[PDB]
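Comments concern the structure below.
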Amino acid sequence: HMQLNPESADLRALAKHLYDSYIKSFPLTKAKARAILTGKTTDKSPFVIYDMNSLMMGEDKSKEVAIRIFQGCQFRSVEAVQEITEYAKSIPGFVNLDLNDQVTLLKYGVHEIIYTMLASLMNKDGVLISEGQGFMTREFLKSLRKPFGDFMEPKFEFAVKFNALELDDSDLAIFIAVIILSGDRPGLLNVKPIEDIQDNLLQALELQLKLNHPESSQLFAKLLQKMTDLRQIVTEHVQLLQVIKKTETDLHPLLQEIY
Amino acid sequence: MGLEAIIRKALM
Ligand SMILES: *c1ccc(C(=O)NCc2ccccc2)cc1C(=O)Nc1ccccc1
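So the protein sequences, as listed, match chains A and B.
First residue of the first sequence: 1, per the working numbering; consecutive thereafter.
First residue of the second sequence: 1001, per the working numbering; consecutive thereafter.
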């Protein structure tokens, strides 16, 4: 029997703390993304990039289109890493970890969290871009010449399955915190402090999913199983990043100034 | 290397 006791109440307070920080860190939420995608918002209707002519017009509303699109992907990922890091600072205990362990956690976690949260902005048709100002079709991205054509497609394949779980921002805030505090990342100095925070976040996540999803009794287990899909996504992603570095040309301004 | 730079800056 689940009881609303001091321990559970504290787990609900930890869930709310993360939700609030999530809202502050992440400009476009799943609630707002889904409103846009289903046409249930009063906000400005996104511009749809579905062919080469709608890309050209969209770049208003590199000589090579595929490269320009990859360039925008790259700059967006720098921005996303900054937002995830701000979020990570809000997770109780995280900034109190050794700074090298904080860095290691984010360096191995950010890609998993990027594709988790990009699914909130995705459907079978495409993905919201420019904080919901544009919509780029999955088939238009698939049409880009090798090796760019197959770059986003595995993230769509993940996302239509992931979205079927019908997680909401309250669920995702805790899920992402669980990803960040993974004690199994290579090169971690002090593992037990990370495991202890992860254990508290796993308790909070399990309780979140029991209260919020009465019709999937094992959603908690299903979500933990999604971490293998994410690891594979990131393994395959990193392989494609290399092939693009070996075989193409293109830095974000922040990166240029850091040197 | 590039990823780590951005993370370290953002934590400060
Ligand atoms: C698009 C292109 C490249 C990358 C990426 O992982 N680049 C490696 C890198 C190196 C240093 C710092 C950051 C990243 C990612 C993407 C991508 O997924 N972009 C994105 C992210 C969130 C939402 C939409 C698009």
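Cβ atoms here follow ideal geometry from the backbone N, Cα and C, with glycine treated the same way.
Original post:
So, is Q225(A) buried or exposed, given that buried needs 16 or more other C-beta atoms within 10 angstroms?
Top reply: exposed
**OP:** Please report how far the alpha carbon of residue 261(A) lies from the alpha carbon of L105(A), in whole angstroms.
**Re:** Because chain A spans 1 through 259 in this model, residue 261(A) falls outside it and cannot be assessed.
Original post:
With 16 other CB atoms within 10 Å as the buried threshold, where does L4(A) fall?
Top reply: exposed
Original post:
Under 7 Å from any heavy atom of ligand 1, does the C-beta of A80(A) make it?
Top reply: yes
Subject >> Pairwise C-alpha distance: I1006(B) and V178(A) >> reply: 22 Å
Original post:
According to the neighbour-count rule (16 or more other Cβ atoms, all chains shown, within 10 Å of its Cβ), is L188(A) buried or exposed?
Top reply: buried
**OP:** State the DSSP-derived secondary structure class of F140(A), mapped to helix, strand or coil.
**Re:** helix
**OP:** Hey, could you find the ends of the alpha helix (DSSP H) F156(A) is sitting in?
**Re:** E153 to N163
Original post:
Whose CA, out of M2(A), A31(A) and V238(A), lies closest to the CA of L172(A)?
Top reply: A31(A)
Subject >> Buried versus exposed call for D60(A) [16 or more other C-beta atoms within 10 Å across all chains shown] >> reply: exposed
**OP:** Taking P27(A) as the reference, give the member of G132(A), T235(A) and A15(A) with the closest Cα.
**Re:** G132(A)
Original post:
Is the stretch 213-233 of chain A in contact with the stretch 161-172 of chain A, if contact means three or more CB pairs nearer than 8 Å?
Top reply: yes
Subject >> Residues near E64(A) in its chain [Cβ-Cβ closer than 7 Å; skip 5 each side] >> reply: none
**OP:** With DSSP collapsed to three states, give me the class of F47(A).
**Re:** strand
Original post:
Excluding the five sequence neighbours on either side, which residues of its own chain have a C-beta within less than 7 Å of the C-beta of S143(A), listed in chain order?
Top reply: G149
**OP:** Express the C-alpha separation of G1002(B) and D101(A) in angstroms, rounding to a whole number.
**Re:** 17 Å
Original post:
Quick one: any contact between the stretch 12-28 of chain A and the stretch 189-208 of chain A, if contact means 3 or more CB pairs under 8 Å?
Top reply: yes
Original post:
Does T249(A) come within less than 8 Å of chain B when only Cβ atoms are used?
Top reply: no
Original post:
If you measure from the CB of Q74(A), is any heavy atom of ligand 1 nearer than 7 Å?
Top reply: yes
Subject >> Beta-bridge pairing of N123(A) - partner residues as DSSP gives them >> reply: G126(A)
**OP:** Would you please verify whether the beta carbon of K107(A) is less than 8 Å from any beta carbon of chain B?
**Re:** yes
Original post:
Would a check of beta-carbon distances place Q82(A) closer than 8 Å to chain B?
Top reply: yes
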